[PDB]
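Below you'll find the structure, written out as structure tokens, and then a few comments.
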Amino acid sequence: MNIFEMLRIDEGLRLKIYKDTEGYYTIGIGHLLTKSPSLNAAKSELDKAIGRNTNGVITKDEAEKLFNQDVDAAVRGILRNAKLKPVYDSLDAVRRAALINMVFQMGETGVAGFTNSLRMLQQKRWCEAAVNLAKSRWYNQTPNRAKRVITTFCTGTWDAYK
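Using PDB author numbering, the first residue of the sequence shown is number 1, and each one after it goes up by one.
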């Protein structure tokens, strides 16, 4: 099991545009097209990224293609983040995977708002962290995924995912 297999399970496929949760134009594997509300730019966006006129319809190869870049794009923000990196390094493989998923999901920025929770991860207060983490909008917005992710951070294992 690994980050890739993980996100894939949390995100799902899609070859046609979609408004996620809080309705941003998303596609493929939880690949965000645009914050705006235009089916427009999303398509615009969509196209610059695929290097072609999608007219809103990608294939797998592509969706996966974006996917691999995304995952990859997330490790760097983490790495390029003065507040994430430190937590990241401190954690193990499985646990790192959860962090990445979070970030992949809400952004360097968004994740970094978990000041306390981040502090307990690096302090290793797994238990306190889970609770904390769960008492959030995130959890409230995506209870399931959110729970899978918390347990992982907490158990340090992949059990939530089988």
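Virtual Cβ for every residue (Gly too), placed ideally from N, Cα, C.
On the DSSP letters alone, give me the boundaries of the alpha helix (DSSP H) that residue i sits inside.
i, result
"residue 151", "143 to 155"
"residue 126", "126 to 134"
"residue 189", "A question about residue 189 goes unanswered here, because the residues of the chain that appear run from 1 up to 162."
"residue 115", "115 to 123"
"residue 170", "A question about residue 170 goes unanswered here, because the residues of the chain that appear run from 1 up to 162."
"residue 101", "93 to 111"
"residue 10", "3 to 11"
At which residues does the beta strand (DSSP E) containing residue i begin and terminate?
i, result
"residue 78", "Taken as a continuous stretch (DSSP letters only), residue 78 belongs to no beta strand (DSSP E), being part of the alpha helix (DSSP H) at 60 to 79."
Does the separation of the CB atoms of residue i and residue j fall below 8 angstroms?
i, j, result
"residue 98", "residue 153", "yes"
"residue 150", "residue 130", "yes"
"residue 6", "residue 139", "no"
"residue 54", "residue 46", "yes"
"residue 133", "residue 104", "no"
"residue 88", "residue 76", "no"
"residue 158", "residue 94", "yes"
Below 8 angstroms on the Cβ atoms is my guess for residue i versus residue j; work out the distance and round it to an integer in Å.
i, j, result
"residue 14", "residue 28", "6 angstroms"
"residue 124", "residue 57", "Actually they are not in contact, since the Cβ atoms of residue 124 and residue 57 sit about 46 angstroms apart, beyond 8 angstroms."
"residue 145", "residue 61", "Residue 145 to residue 61, Cβ: 25 angstroms. No contact."
"residue 120", "residue 128", "5 angstroms"
"residue 21", "residue 141", "6 angstroms"
"residue 91", "residue 85", "Not really, about 11 angstroms apart at Cβ, beyond 8 angstroms."
Per DSSP, what are the beta-bridge partners of residue i in this structure?
i, result
"residue 18", "26"
Query - beta strand (DSSP E) runs wholly inside the region 22 to 49, at least 3 long, in chain order - result: 25 to 27, 31 to 34
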